[PDB]
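J.: just need the structure, nothing else, for what follows:
(2 chains, ligands or ions: 4)
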Number of protein chains: 2
Amino acid sequence: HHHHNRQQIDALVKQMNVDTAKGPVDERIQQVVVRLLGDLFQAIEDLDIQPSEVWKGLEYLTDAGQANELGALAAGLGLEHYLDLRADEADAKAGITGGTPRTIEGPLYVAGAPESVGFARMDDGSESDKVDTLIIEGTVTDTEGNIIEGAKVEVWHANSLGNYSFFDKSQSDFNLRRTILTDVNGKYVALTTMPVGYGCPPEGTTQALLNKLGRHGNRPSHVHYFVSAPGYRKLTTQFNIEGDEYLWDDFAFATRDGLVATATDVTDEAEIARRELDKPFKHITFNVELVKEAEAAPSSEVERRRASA
Amino acid sequence: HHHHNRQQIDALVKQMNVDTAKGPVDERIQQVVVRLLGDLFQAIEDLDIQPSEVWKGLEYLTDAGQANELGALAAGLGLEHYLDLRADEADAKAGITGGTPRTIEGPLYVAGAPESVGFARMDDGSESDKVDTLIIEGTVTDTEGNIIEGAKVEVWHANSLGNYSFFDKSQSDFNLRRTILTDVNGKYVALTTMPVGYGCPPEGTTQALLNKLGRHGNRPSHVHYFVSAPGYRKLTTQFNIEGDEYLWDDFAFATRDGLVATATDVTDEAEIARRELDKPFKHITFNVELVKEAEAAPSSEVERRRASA
Ligand SMILES: CCCCCCCC/C=C/CCCCCCCC(=O)O[C@H](COC(=O)CCCCCCCCCCCCCCC)COP(=O)([O-])O[C@@H]1[C@H](O)[C@H](O)[C@@H](O)[C@H](O)[C@H]1O
Ligand SMILES: CCCCCCCC/C=C/CCCCCCCC(=O)O[C@H](COC(=O)CCCCCCCCCCCCCCC)COP(=O)([O-])O[C@@H]1[C@H](O)[C@H](O)[C@@H](O)[C@H](O)[C@H]1O
Ligand SMILES: [Fe+3]
Ligand SMILES: [Fe+3]
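T.: Numbering: from 1, shown residues only, chains lettered A, B, ... in the order given. Ligands and ions are numbered 1, 2, ... in the order given. Below is the structure in question.
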């Protein structure tokens, strides 16, 4: 079933997409298109992919884009994690060491969250009778432990049902999304609720493909972070919580050593009173170490389309 | 910038998408996913594709799917034509010869058009003062010239502005879309209007990428055909009209020898009266030769999602 070799494929892709050019071309877009189309044609030949198969593939991609699920598909196939593996290797070749490890953004960041200094309450209290209270705190430092004041700590996470605000229109706008600027001691504190892990929408396109692959679409509980400061490399990270069934079986492959936190239980009446609470809560420490931005450093920032509100 | 070789890539794709499988897997979908993801990761390494670039690519695909333009993109990059090049080579290796040549379907077929025997008027007359009348006629035969009665001739084409019904909601439903069953003499006749060639939606995603490639998004005038009959291989084809600026410069590469027709001019008062018209018209002959369906023959039918009404 090999009807064309790669030479013949390359000649056809050139005739159709390069020889037809008139006037100015974006050379990078041209290069990438030619490469990816040649690779697709070769895979069609090697695997003898039939026209009905190609159309099913394109229809699936159309449906995924219509459901706004291609971000989730990038995560679940491991493409998003792969970009981080490449970034870590680039940084190693640059001699960049130290710093809290990176991991994936995921597709659910929303720009425009409430900003405050040193402290934020993340939740609206609508789940207070059905989920544990969580306090998260940490210090943001450079690699020698010097505190960083005014670092921008952006956090977002799921509610007690595994749902995120903005996407879940039942939640108040920006629920469980805050920006916290570190205080004079490099500290941030968030008063919030325990996140639960979650799966892909069960009738959606991402889970439809995972089902064909025999795979689950679940993530362990986690809290997402962007951390930035003048003079420092921007960090995209998370923590995961020890004890989760899916901790080392995340469908998006985001868990790493260095990013697992233990949720401690605080039942002590004195400490509860000190925090102005009425019941036991969970506490997580998550300190963040940022690497100073050097002239030689590859960028740690990523341009990506993100929701805003 | 090579951070991973293909061995390392293959091992990662396997860890993420194969080792994670539990219970039954669709082996074909698994095979194709593993191949395409490995090829994507390798192209990312070879071309040093940055995360911002990957996200732009996925955002473009999302936007294309939302605008229902991935079919048009498949046509414009030459993927749709490439499937026909493969089908023609498969048929040659099967010893299938003769028959009117195939070409691309395009993305604008709609199922459920009015059916009639031997004759159809395709247009609603709403453009009668602004476009030329066209009569199309032909005989459908086997490869030795024997007529075929009751062959299903499905035709669709653009109006005087280059727009298709269903997609252009201003047109009456099924305007310029008919199914004509061949009569006792193997004949079909369509009374219609001259199609004009057309381009991609100028502010749409397909033209946005073509612009980066320095390419136009125009097709020459044409009329699309499905032809089918019991005992015969289904045919997807078109004719193009001689004289079109874009005849041999179609952005979808669909023009072929054997499928260019000449539009003759009929100004003769006697002939005009015979056809029950009042003014000169254009006439096209387009005969169709179908190949008999043999046990050895590869399928000439393609499963594809198509609009219906
Ligand atoms: C550009 C790539 C090349 C494309 C062009 C070449 C692609 C070639 C693909 C060959 C496919 C083999 C199919 C064999 C038989 C199919 C039978 C079938 O059941 O059809 C469908 C299966 O077809 C697929 O899902 C294939 C998609 C894989 C391609 C994308 C991954 C590529 C990886 C990397 C590239 C970068 C990709 C980017 C990474 C983010 C079933 O539908 P569905 O239940 O899976 O989803 C269903 C579904 O389809 C419903 O219609 C929908 O309503 C519902 O919501 C959804 O859940
Ligand atoms: C799965 C493939 C891998 C993907 C994952 C890997 C992809 C890697 C791609 C790298 C891209 C290089 C970009 C370099 C710099 C980008 C700058 C820029 O201006 O961004 C944009 C350019 O990015 C692209 O268009 C790249 C798309 C190519 C990928 C698809 C073809 C693959 C071929 C075969 C595979 C089968 C494909 C199937 C064939 C059908 C500009 O936006 P736009 O004006 O082109 O369109 C605009 C636009 O983007 C607007 O936002 C929108 O509103 C408007 O309508 C639209 O017109
Ligand atoms: Fe998340
Ligand atoms: Fe057309």
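J.: can you show me the CA trace of the longest helix seen in chain A as CSV?
T.: Longest helix of chain A, by residue count under DSSP state H: helix A:27-46. What follows is helix A:27-46, C-alpha atoms only, in CSV (Å, rounded to 0.1, in the frame of the first residue of the first chain):
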residue,chain,number,x,y,z
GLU,A,27,9.0,31.7,6.5
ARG,A,28,8.5,30.1,9.9
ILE,A,29,4.9,29.2,9.3
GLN,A,30,5.8,27.9,5.8
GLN,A,31,8.6,25.7,7.3
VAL,A,32,6.4,24.2,9.9
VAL,A,33,3.4,23.6,7.5
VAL,A,34,5.7,21.9,5.0
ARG,A,35,7.2,19.6,7.7
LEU,A,36,3.9,18.7,9.4
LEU,A,37,2.1,18.1,6.1
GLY,A,38,4.9,15.9,4.7
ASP,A,39,4.9,13.9,8.0
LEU,A,40,1.1,13.5,7.9
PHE,A,41,1.3,12.2,4.2
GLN,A,42,4.0,9.8,5.2
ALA,A,43,2.1,8.4,8.2
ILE,A,44,-1.0,8.0,5.9
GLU,A,45,1.2,5.9,3.5
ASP,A,46,3.0,3.9,6.2
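J.: hmm, who's touching that helix?
T.: With contacts defined as Cβ atoms under 8 Å, 6 or more residues apart in numbering or on different chains, helix A:27-46 is touched by A:1-4, A:6, A:9-10, A:12-14, A:17-18, A:21, A:49, A:54, B:32, B:35-36, B:39-40, B:42-43, B:46-47, B:49, B:53, B:57, B:77-79, B:82, B:86, B:209, B:212-214. Yep, even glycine has a C-beta here, placed from its N, CA and C like the rest.
J.: quick check: the residue of the stretch 151-300 of chain A found nearest ligand 1 vs residue A:235, distance?
T.: Residue nearest to ligand 1 within the stretch 151-300 of chain A: residue A:208 (2.4 Å; Cβ to the nearest ligand atom). Residue A:208 is 34 Å from residue A:235, where distance means Cβ to Cβ, to the nearest Å.
J.: what about those two, which has more around it?
T.: residue A:235 (24 against 18; other Cβ atoms under 10 Å in any protein chain shown).
J.: what is that one paired to in the beta sheet?
T.: On the basis of DSSP bridges, residue A:235 is bridged to residue A:227.
J.: who touches it in this structure?
T.: Neighbour list for residue A:235: A:99-100, A:102, A:225-228, A:288, A:290, A:300 [criterion: Cβ under 8 Å, 6+ apart].
J.: okay, these in a markdown table with distance to residue B:189 and neighbour count next?
T.: Below are the contacts of residue A:235 laid out as a markdown table (distance: Cβ to Cβ, whole Å; neighbours: other Cβ atoms under 10 Å in any protein chain shown):
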| residue | distance to residue B:189 | neighbour count |
| --- | --- | --- |
| A:99 | 76 | 21 |
| A:100 | 75 | 21 |
| A:102 | 68 | 21 |
| A:225 | 70 | 23 |
| A:226 | 67 | 17 |
| A:227 | 73 | 25 |
| A:228 | 71 | 17 |
| A:288 | 77 | 22 |
| A:290 | 77 | 23 |
| A:300 | 69 | 20 |
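J.: now intersect these with the helices, please.
T.: Among these, no member lies in helices (by DSSP H).
J.: which of those fall in strands?
T.: The strands, defined by DSSP state E, take in A:225-228, A:288 from these.
J.: out of these, which comes closest to residue A:142?
T.: residue A:288 (10.5 Å; Cβ to Cβ).
J.: give me the buried positions along stretch A:264-272.
T.: By 16 or more other Cβ atoms under 10 Å in any protein chain shown, the buried positions in stretch A:264-272 come out as A:266, A:272.
J.: between the two ends of it, what distance do you get?
T.: This stretch, stretch A:264-272, spans 13 Å end to end (Cα to Cα, to the nearest Å).
J.: kindly report the same for stretch A:91-107.
T.: Termini of stretch A:91-107 sit 24 Å apart (Cα to Cα).
J.: assign the closest residue to the residue of the stretch 151-300 of chain A closest to ligand 1 other than its chain neighbours to helix, strand or coil.
T.: Take residue A:208 and drop its neighbours on the chain: the residue closest to it by Cβ to Cβ, 6 or more residues apart in numbering or on different chains is residue A:60, 7.9 Å away. With DSSP: H, G, I helix; E, B strand; the rest coil as the basis, the three-state label of residue A:60 is helix.
J.: tally of neighbours for residue A:60?
T.: 16.
J.: that one against residue A:212, yeah?
T.: No. The pair residue A:60 / residue A:212 is not scored as a contact, 10.1 Å apart, by Cβ atoms under 8 Å.
J.: so what secondary structure elements neighbour the top strand by length along chain A?
T.: Counting by DSSP E, the longest strand found in chain A is strand A:133-141. Identification of packing neighbours for strand A:133-141 by 3 or more Cβ pairs under 8 Å, 6 or more residues apart in numbering or on different chains; DSSP states H and E yields strand A:187-193, strand A:281-285, strand A:288-289.
J.: tell me the helix or strand right after it.
T.: Scanning forward in sequence from strand A:133-141 by DSSP states H and E, the next helix or strand is strand A:152-156.
J.: quick check: residues of the stretch 1-150 of chain A near ligand 1?
T.: Residues of the stretch 1-150 of chain A lying near ligand 1 by Cβ under 6 Å from any ligand atom: A:40, A:49, A:53-54, A:56-60, A:63, A:70, A:73-74, A:77, A:79.
J.: where does chain A get nearest to ligand 2, residue-wise?
T.: residue A:36 (4.0 Å).
J.: that residue: neighbour count?
T.: Residues near residue A:36, counting by other Cβ under 10 Å, number 18.
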